[PDB]
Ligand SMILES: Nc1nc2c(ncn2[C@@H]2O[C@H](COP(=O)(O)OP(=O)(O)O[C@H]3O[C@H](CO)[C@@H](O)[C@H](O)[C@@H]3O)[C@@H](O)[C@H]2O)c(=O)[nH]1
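Before any questions on how it binds or moves, here is one chain, the form deposited without the ligand, in C-alpha coordinates.
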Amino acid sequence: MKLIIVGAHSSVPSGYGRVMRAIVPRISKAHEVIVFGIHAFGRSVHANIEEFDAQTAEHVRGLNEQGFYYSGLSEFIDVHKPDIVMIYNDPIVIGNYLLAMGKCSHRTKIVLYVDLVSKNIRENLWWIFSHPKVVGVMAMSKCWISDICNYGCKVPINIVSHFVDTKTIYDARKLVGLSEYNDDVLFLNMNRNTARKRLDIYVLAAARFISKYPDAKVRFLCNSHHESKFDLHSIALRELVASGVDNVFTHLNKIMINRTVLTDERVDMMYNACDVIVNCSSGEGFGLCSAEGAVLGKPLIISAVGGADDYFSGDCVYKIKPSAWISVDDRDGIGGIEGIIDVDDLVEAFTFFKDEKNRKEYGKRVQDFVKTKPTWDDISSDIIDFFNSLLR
(Lines give C-alpha, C1' and ligand atoms only; values in the text may rest on other atoms or scores of the structure.)
Protein backbone atom coordinates (compact mmCIF):
# COMPACT_ATOMS: atom_id res chain seq x y z
CA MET A 1 0.00 0.00 0.00
CA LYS A 2 0.79 3.74 -0.28
CA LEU A 3 0.94 5.54 3.05
CA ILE A 4 1.34 9.27 3.66
CA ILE A 5 2.47 10.26 7.17
CA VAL A 6 1.83 13.83 8.25
CA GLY A 7 4.29 14.46 11.10
CA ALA A 8 7.70 15.72 12.21
CA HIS A 9 10.55 15.96 9.70
CA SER A 10 13.62 13.71 10.32
CA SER A 11 15.81 16.74 11.12
CA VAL A 12 13.53 17.73 14.05
CA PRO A 13 15.21 17.14 17.49
CA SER A 14 11.89 16.60 19.33
CA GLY A 15 9.77 13.79 20.75
CA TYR A 16 7.79 13.59 17.47
CA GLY A 17 10.96 13.66 15.34
CA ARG A 18 12.42 10.78 17.35
CA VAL A 19 9.41 8.51 16.82
CA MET A 20 9.28 9.53 13.12
CA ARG A 21 12.95 8.56 12.64
CA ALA A 22 12.19 5.18 14.25
CA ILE A 23 8.86 4.25 12.57
CA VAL A 24 9.35 5.55 9.00
CA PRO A 25 12.15 3.28 7.79
CA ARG A 26 10.58 0.33 9.65
CA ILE A 27 7.23 0.64 7.79
CA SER A 28 9.18 1.43 4.53
CA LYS A 29 10.17 -2.25 4.07
CA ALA A 30 6.50 -3.32 4.24
CA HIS A 31 4.92 -0.47 2.27
CA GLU A 32 5.59 2.63 0.25
CA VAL A 33 5.80 5.36 2.87
CA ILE A 34 5.92 9.01 1.89
CA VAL A 35 6.38 11.69 4.56
CA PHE A 36 4.85 15.13 4.64
CA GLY A 37 7.57 16.32 7.00
CA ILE A 38 6.85 19.38 9.09
CA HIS A 39 9.02 21.97 10.91
CA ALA A 40 12.37 20.98 9.28
CA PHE A 41 15.56 22.11 11.13
CA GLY A 42 17.91 20.94 8.35
CA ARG A 43 18.68 18.06 5.96
CA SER A 44 16.56 14.91 5.63
CA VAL A 45 17.99 11.80 7.30
CA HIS A 46 16.83 9.04 4.89
CA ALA A 47 18.57 8.29 1.61
CA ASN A 48 15.72 6.38 -0.06
CA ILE A 49 12.35 7.18 1.43
CA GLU A 50 10.46 10.14 -0.06
CA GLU A 51 10.37 12.92 2.58
CA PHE A 52 8.78 16.20 1.56
CA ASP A 53 9.99 19.09 3.65
CA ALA A 54 6.83 21.07 4.16
CA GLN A 55 8.37 24.02 6.01
CA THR A 56 10.71 25.27 3.28
CA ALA A 57 8.01 24.49 0.67
CA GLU A 58 5.81 26.89 2.69
CA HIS A 59 8.59 29.55 2.68
CA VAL A 60 9.03 29.09 -1.10
CA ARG A 61 5.33 29.90 -1.42
CA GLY A 62 5.79 32.95 0.89
CA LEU A 63 3.34 31.67 3.52
CA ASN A 64 3.80 31.46 7.27
CA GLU A 65 1.85 28.66 8.87
CA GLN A 66 4.47 27.89 11.54
CA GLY A 67 6.01 25.16 9.37
CA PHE A 68 2.79 23.06 9.23
CA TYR A 69 2.09 23.95 5.55
CA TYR A 70 -1.69 23.43 5.97
CA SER A 71 -2.15 25.01 2.48
CA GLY A 72 0.00 22.39 0.77
CA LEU A 73 -1.51 19.17 2.14
CA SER A 74 -4.66 18.89 0.00
CA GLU A 75 -2.66 19.09 -3.26
CA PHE A 76 0.02 16.76 -1.88
CA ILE A 77 -2.60 14.04 -1.25
CA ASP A 78 -4.50 14.70 -4.52
CA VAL A 79 -1.27 13.99 -6.42
CA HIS A 80 0.08 11.03 -4.48
CA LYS A 81 -3.31 9.30 -4.04
CA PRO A 82 -2.44 7.31 -0.86
CA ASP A 83 -4.40 4.33 0.47
CA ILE A 84 -3.97 5.76 3.99
CA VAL A 85 -3.15 9.14 5.58
CA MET A 86 -1.82 9.01 9.14
CA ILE A 87 -1.87 12.31 10.97
CA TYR A 88 0.38 12.35 14.00
CA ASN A 89 0.07 15.33 16.34
CA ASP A 90 -2.06 16.90 19.07
CA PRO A 91 -5.84 17.44 18.57
CA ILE A 92 -5.63 21.10 17.50
CA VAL A 93 -3.11 20.46 14.74
CA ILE A 94 -5.02 17.33 13.63
CA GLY A 95 -8.19 19.50 13.46
CA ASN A 96 -6.41 22.05 11.24
CA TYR A 97 -5.24 19.29 8.89
CA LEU A 98 -8.75 17.80 8.59
CA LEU A 99 -10.11 21.25 7.63
CA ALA A 100 -7.31 21.84 5.11
CA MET A 101 -8.09 18.50 3.37
CA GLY A 102 -11.86 19.28 3.30
CA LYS A 103 -11.63 20.29 -0.37
CA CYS A 104 -9.37 17.29 -1.21
CA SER A 105 -10.23 15.29 -4.42
CA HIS A 106 -8.89 11.91 -3.49
CA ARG A 107 -11.06 9.81 -1.19
CA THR A 108 -8.57 8.65 1.41
CA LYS A 109 -8.87 6.73 4.65
CA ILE A 110 -7.51 8.71 7.60
CA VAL A 111 -5.79 7.30 10.69
CA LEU A 112 -5.19 9.54 13.67
CA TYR A 113 -2.23 9.11 15.99
CA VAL A 114 -3.19 11.56 18.77
CA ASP A 115 -0.85 12.96 21.38
CA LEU A 116 -3.02 13.27 24.54
CA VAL A 117 -1.57 14.65 27.69
CA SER A 118 -4.69 15.50 29.77
CA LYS A 119 -8.13 14.03 30.52
CA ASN A 120 -11.24 16.01 29.54
CA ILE A 121 -9.84 18.03 26.59
CA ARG A 122 -12.02 20.82 25.20
CA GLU A 123 -15.35 19.59 23.74
CA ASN A 124 -14.87 21.70 20.62
CA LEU A 125 -12.02 19.45 19.56
CA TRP A 126 -13.94 16.17 20.00
CA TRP A 127 -15.30 16.10 16.40
CA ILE A 128 -11.93 14.83 15.00
CA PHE A 129 -12.52 11.38 16.61
CA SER A 130 -15.80 10.96 14.69
CA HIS A 131 -14.87 12.75 11.42
CA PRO A 132 -16.35 10.79 8.40
CA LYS A 133 -12.90 10.30 6.79
CA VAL A 134 -11.29 8.87 9.95
CA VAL A 135 -11.16 5.07 9.92
CA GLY A 136 -8.90 4.27 12.87
CA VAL A 137 -7.39 6.00 15.85
CA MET A 138 -4.02 5.33 17.44
CA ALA A 139 -3.27 6.30 21.01
CA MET A 140 0.00 6.09 22.91
CA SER A 141 -1.38 4.34 25.95
CA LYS A 142 -4.24 2.20 27.28
CA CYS A 143 -5.44 5.01 29.59
CA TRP A 144 -6.38 7.18 26.58
CA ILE A 145 -8.77 4.56 25.15
CA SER A 146 -11.69 5.38 27.46
CA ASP A 147 -11.28 9.17 26.89
CA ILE A 148 -11.24 8.68 23.12
CA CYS A 149 -14.44 6.54 23.38
CA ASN A 150 -15.97 9.18 25.65
CA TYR A 151 -15.16 11.76 22.93
CA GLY A 152 -17.41 9.64 20.66
CA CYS A 153 -14.95 7.61 18.58
CA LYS A 154 -16.69 4.65 16.99
CA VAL A 155 -13.85 3.34 14.79
CA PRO A 156 -11.10 0.88 15.89
CA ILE A 157 -8.60 2.24 18.40
CA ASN A 158 -5.04 0.88 18.44
CA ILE A 159 -2.37 1.44 21.09
CA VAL A 160 0.99 2.43 19.59
CA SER A 161 3.60 2.97 22.33
CA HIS A 162 7.24 4.03 21.97
CA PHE A 163 10.57 2.36 22.62
CA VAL A 164 13.23 4.00 24.63
CA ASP A 165 16.95 3.68 24.16
CA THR A 166 19.75 5.60 25.91
CA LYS A 167 23.45 5.10 25.24
CA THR A 168 25.19 3.68 28.28
CA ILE A 169 28.19 5.93 29.11
CA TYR A 170 30.84 4.93 31.65
CA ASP A 171 32.58 7.51 33.91
CA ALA A 172 29.72 9.94 33.23
CA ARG A 173 29.89 12.08 36.39
CA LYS A 174 33.37 13.20 35.37
CA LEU A 175 32.45 13.78 31.73
CA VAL A 176 29.58 16.19 32.55
CA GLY A 177 31.90 18.06 34.97
CA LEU A 178 30.24 16.89 38.22
CA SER A 179 33.35 15.52 39.93
CA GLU A 180 32.97 17.70 43.08
CA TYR A 181 29.80 15.73 43.69
CA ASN A 182 31.32 12.21 43.56
CA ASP A 183 30.02 11.65 47.15
CA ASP A 184 26.57 13.11 46.55
CA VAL A 185 23.43 11.29 45.66
CA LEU A 186 22.12 13.09 42.58
CA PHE A 187 18.40 13.38 41.85
CA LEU A 188 17.75 14.44 38.32
CA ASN A 189 14.62 15.90 36.85
CA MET A 190 15.21 16.27 33.12
CA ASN A 191 11.93 18.05 32.31
CA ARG A 192 11.69 21.60 30.94
CA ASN A 193 10.53 24.28 33.37
CA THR A 194 6.87 24.60 32.28
CA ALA A 195 3.58 24.41 34.16
CA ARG A 196 2.73 20.78 33.28
CA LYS A 197 6.10 19.62 34.61
CA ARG A 198 5.68 21.20 38.05
CA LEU A 199 9.29 22.06 38.82
CA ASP A 200 7.80 24.15 41.67
CA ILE A 201 6.84 20.92 43.33
CA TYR A 202 10.22 19.37 42.68
CA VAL A 203 12.12 22.25 44.26
CA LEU A 204 9.63 22.69 47.12
CA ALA A 205 10.11 19.02 47.90
CA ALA A 206 13.89 19.38 47.59
CA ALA A 207 13.76 22.33 50.03
CA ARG A 208 11.66 20.39 52.50
CA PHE A 209 13.73 17.27 52.24
CA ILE A 210 16.92 19.30 52.84
CA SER A 211 15.49 21.15 55.85
CA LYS A 212 14.59 17.78 57.34
CA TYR A 213 18.04 16.22 56.42
CA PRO A 214 20.37 19.24 56.29
CA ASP A 215 23.49 17.12 56.20
CA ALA A 216 22.42 14.47 53.64
CA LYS A 217 24.89 14.37 50.76
CA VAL A 218 22.33 15.06 48.17
CA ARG A 219 21.85 17.29 45.10
CA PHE A 220 18.74 18.11 43.08
CA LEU A 221 19.39 18.81 39.42
CA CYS A 222 16.90 20.40 37.06
CA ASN A 223 16.56 22.76 34.09
CA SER A 224 15.42 26.33 33.63
CA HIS A 225 15.23 28.91 30.89
CA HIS A 226 15.41 32.75 30.90
CA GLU A 227 12.23 34.32 32.35
CA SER A 228 10.43 31.00 33.02
CA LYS A 229 7.32 31.69 35.03
CA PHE A 230 8.87 29.79 38.02
CA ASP A 231 12.20 31.05 39.47
CA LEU A 232 13.33 27.81 41.06
CA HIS A 233 15.97 29.12 43.45
CA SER A 234 13.60 31.78 44.70
CA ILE A 235 10.87 29.19 45.34
CA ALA A 236 13.29 26.95 47.26
CA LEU A 237 14.77 29.95 49.14
CA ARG A 238 11.38 30.87 50.58
CA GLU A 239 10.62 27.33 51.61
CA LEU A 240 14.02 27.06 53.38
CA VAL A 241 13.39 30.37 55.24
CA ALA A 242 9.92 29.10 56.41
CA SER A 243 11.37 25.81 57.67
CA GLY A 244 13.70 27.67 60.10
CA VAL A 245 16.88 25.76 59.10
CA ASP A 246 20.31 27.41 59.46
CA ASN A 247 22.69 28.04 56.52
CA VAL A 248 19.84 28.74 54.11
CA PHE A 249 22.22 29.75 51.36
CA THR A 250 24.29 26.59 51.49
CA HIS A 251 21.20 24.37 51.26
CA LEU A 252 19.87 26.42 48.43
CA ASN A 253 22.96 25.68 46.42
CA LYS A 254 22.12 21.95 46.66
CA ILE A 255 19.54 22.58 43.96
CA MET A 256 21.55 22.84 40.77
CA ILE A 257 19.98 24.49 37.77
CA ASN A 258 21.22 23.96 34.28
CA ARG A 259 20.40 26.92 31.98
CA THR A 260 22.31 25.83 28.89
CA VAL A 261 20.58 24.13 25.95
CA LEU A 262 20.73 20.31 25.44
CA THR A 263 23.06 18.47 23.11
CA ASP A 264 21.71 14.95 22.72
CA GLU A 265 24.84 13.44 24.28
CA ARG A 266 24.88 15.75 27.32
CA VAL A 267 21.32 14.50 27.94
CA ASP A 268 22.45 10.85 27.74
CA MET A 269 25.46 11.73 29.90
CA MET A 270 23.17 13.27 32.56
CA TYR A 271 21.08 10.10 32.84
CA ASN A 272 24.20 7.95 33.29
CA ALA A 273 25.69 10.40 35.80
CA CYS A 274 22.77 10.65 38.19
CA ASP A 275 21.45 8.31 40.85
CA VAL A 276 17.67 8.92 40.82
CA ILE A 277 15.41 10.02 38.00
CA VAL A 278 12.39 12.11 38.91
CA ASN A 279 9.30 13.23 37.02
CA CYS A 280 6.56 14.91 39.09
CA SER A 281 4.55 16.26 36.22
CA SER A 282 0.82 16.87 35.88
CA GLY A 283 0.23 14.91 32.73
CA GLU A 284 2.07 12.54 30.42
CA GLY A 285 1.16 11.32 26.98
CA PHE A 286 3.68 8.53 26.78
CA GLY A 287 5.79 9.37 29.84
CA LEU A 288 8.97 10.17 28.00
CA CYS A 289 11.50 12.09 30.04
CA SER A 290 12.05 9.39 32.68
CA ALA A 291 11.65 5.92 31.04
CA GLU A 292 14.81 7.14 29.34
CA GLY A 293 16.87 6.25 32.43
CA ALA A 294 15.08 3.00 33.29
CA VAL A 295 17.15 1.15 30.66
CA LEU A 296 20.25 2.29 32.55
CA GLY A 297 18.90 0.69 35.73
CA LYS A 298 18.29 3.98 37.51
CA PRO A 299 15.57 4.08 40.20
CA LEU A 300 12.56 6.26 39.20
CA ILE A 301 10.18 8.44 41.12
CA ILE A 302 7.15 9.20 38.98
CA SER A 303 3.82 10.86 39.24
CA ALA A 304 1.26 8.19 38.32
CA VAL A 305 -0.44 10.20 35.53
CA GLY A 306 -1.55 9.34 31.96
CA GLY A 307 0.79 6.95 30.07
CA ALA A 308 3.49 6.98 32.75
CA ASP A 309 1.02 5.20 35.08
CA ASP A 310 0.27 2.56 32.36
CA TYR A 311 3.82 2.04 31.26
CA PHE A 312 5.10 1.02 34.68
CA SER A 313 4.59 -1.38 37.28
CA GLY A 314 4.62 -4.49 39.31
CA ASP A 315 6.34 -2.11 41.72
CA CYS A 316 9.56 -1.56 39.76
CA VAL A 317 9.15 2.20 40.14
CA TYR A 318 8.17 4.60 42.95
CA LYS A 319 4.73 5.87 41.93
CA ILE A 320 2.99 8.84 43.47
CA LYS A 321 -0.75 9.31 42.82
CA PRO A 322 -2.18 12.76 42.25
CA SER A 323 -3.68 14.12 45.46
CA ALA A 324 -5.73 16.82 43.72
CA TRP A 325 -7.04 17.87 40.38
CA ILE A 326 -7.29 21.21 38.60
CA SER A 327 -8.32 22.56 35.27
CA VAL A 328 -5.54 23.29 32.94
CA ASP A 329 -7.72 25.16 30.42
CA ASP A 330 -5.69 28.35 31.17
CA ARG A 331 -2.37 26.95 29.85
CA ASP A 332 -3.22 26.01 26.36
CA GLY A 333 -5.76 25.85 23.60
CA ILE A 334 -6.24 22.11 24.33
CA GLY A 335 -6.78 22.19 28.12
CA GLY A 336 -8.32 19.54 30.33
CA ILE A 337 -7.92 18.52 33.95
CA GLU A 338 -4.68 17.31 35.54
CA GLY A 339 -3.50 15.67 38.69
CA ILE A 340 -1.10 17.35 41.10
CA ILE A 341 0.93 15.32 43.59
CA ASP A 342 1.43 16.27 47.24
CA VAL A 343 4.85 17.87 47.86
CA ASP A 344 5.10 15.75 51.06
CA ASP A 345 4.74 12.53 49.06
CA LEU A 346 7.75 13.56 46.95
CA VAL A 347 9.75 14.32 50.10
CA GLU A 348 8.90 10.72 51.33
CA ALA A 349 10.06 9.41 47.95
CA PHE A 350 13.38 11.27 48.19
CA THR A 351 13.87 9.79 51.62
CA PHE A 352 13.11 6.32 50.32
CA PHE A 353 15.92 6.72 47.76
CA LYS A 354 18.50 8.27 50.01
CA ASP A 355 19.00 4.65 51.07
CA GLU A 356 21.38 3.10 48.50
CA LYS A 357 19.93 -0.36 49.20
CA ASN A 358 16.60 0.91 47.70
CA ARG A 359 18.32 2.57 44.72
CA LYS A 360 19.98 -0.76 43.89
CA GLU A 361 16.81 -2.85 44.27
CA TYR A 362 14.61 -0.49 42.28
CA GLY A 363 17.22 0.15 39.60
CA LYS A 364 17.39 -3.59 39.11
CA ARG A 365 13.59 -4.01 38.95
CA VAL A 366 13.00 -1.41 36.21
CA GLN A 367 15.96 -2.50 34.23
CA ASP A 368 14.47 -6.03 34.14
CA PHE A 369 10.94 -4.70 33.70
CA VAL A 370 11.88 -2.62 30.63
CA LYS A 371 13.71 -5.58 28.94
CA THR A 372 10.21 -6.91 28.20
CA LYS A 373 8.92 -3.72 26.50
CA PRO A 374 8.32 -4.00 22.75
CA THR A 375 10.97 -2.44 20.48
CA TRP A 376 10.53 -0.17 17.43
CA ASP A 377 10.33 -3.32 15.26
CA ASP A 378 7.52 -4.86 17.40
CA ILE A 379 5.69 -1.51 17.42
CA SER A 380 6.09 -0.73 13.73
CA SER A 381 4.87 -4.21 12.81
CA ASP A 382 1.88 -3.54 15.08
CA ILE A 383 1.29 -0.34 13.05
CA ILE A 384 1.28 -2.01 9.62
CA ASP A 385 -0.82 -4.89 10.99
CA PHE A 386 -3.44 -2.42 12.18
CA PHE A 387 -3.24 -0.74 8.72
CA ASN A 388 -3.82 -4.07 6.91
CA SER A 389 -7.01 -4.83 8.82
CA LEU A 390 -8.31 -1.38 7.72
CA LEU A 391 -8.06 -1.88 3.90
CA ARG A 392 -8.95 -5.59 3.71
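In case it trips you up, residue 1 is the first one in the sequence shown, and so on.
Here the subject shifts to the form deposited with the ligand bound, a form of this protein not shown in this document.
When the ligand is superposed onto this form from its pose in the deposited bound form, three or more of its atoms come within 2.4 Å of a backbone or C-beta atom, and the site is therefore classed as blocked. The contact with the ligand in the deposited bound form, taken as any heavy atom within 4.5 Å, belongs to 271 out of 271, 187, 129, 312. For the residues 256, 79, 262, 99, the 4.5 Å heavy atom test against the ligand in the deposited bound form is passed only by 262. Considering the ligand in the deposited bound form, the lone stretch of 190-198, 91-99, 317-325, 238-246 in range is 190-198 [heavy atom distance within 4.5 Å]. When the ligand is considered in the deposited bound form, residue 140 lines it closely, a heavy atom lying within 4.5 Å. The ligand is not drawn, but in the deposited bound form it has no heavy atom within 4.5 Å of residue 25. Contact annotation: residue 18 falls within 4.5 Å of the ligand in the deposited bound form, judged by heavy atom distances.
At the 4.5 Å threshold, heavy atoms of residue 149 stay clear of the ligand in the deposited bound form, well away from it.
For the candidate spot formed by 115, 267 and 292, every residue has a non-hydrogen atom within 4.5 angstroms of the ligand in the deposited bound form. For the partner-free chain shown, 271, 284, 285, 286, 287 of 269-287 come within 4.5 angstroms of the ligand in the deposited bound form, judged by any non-hydrogen atom.
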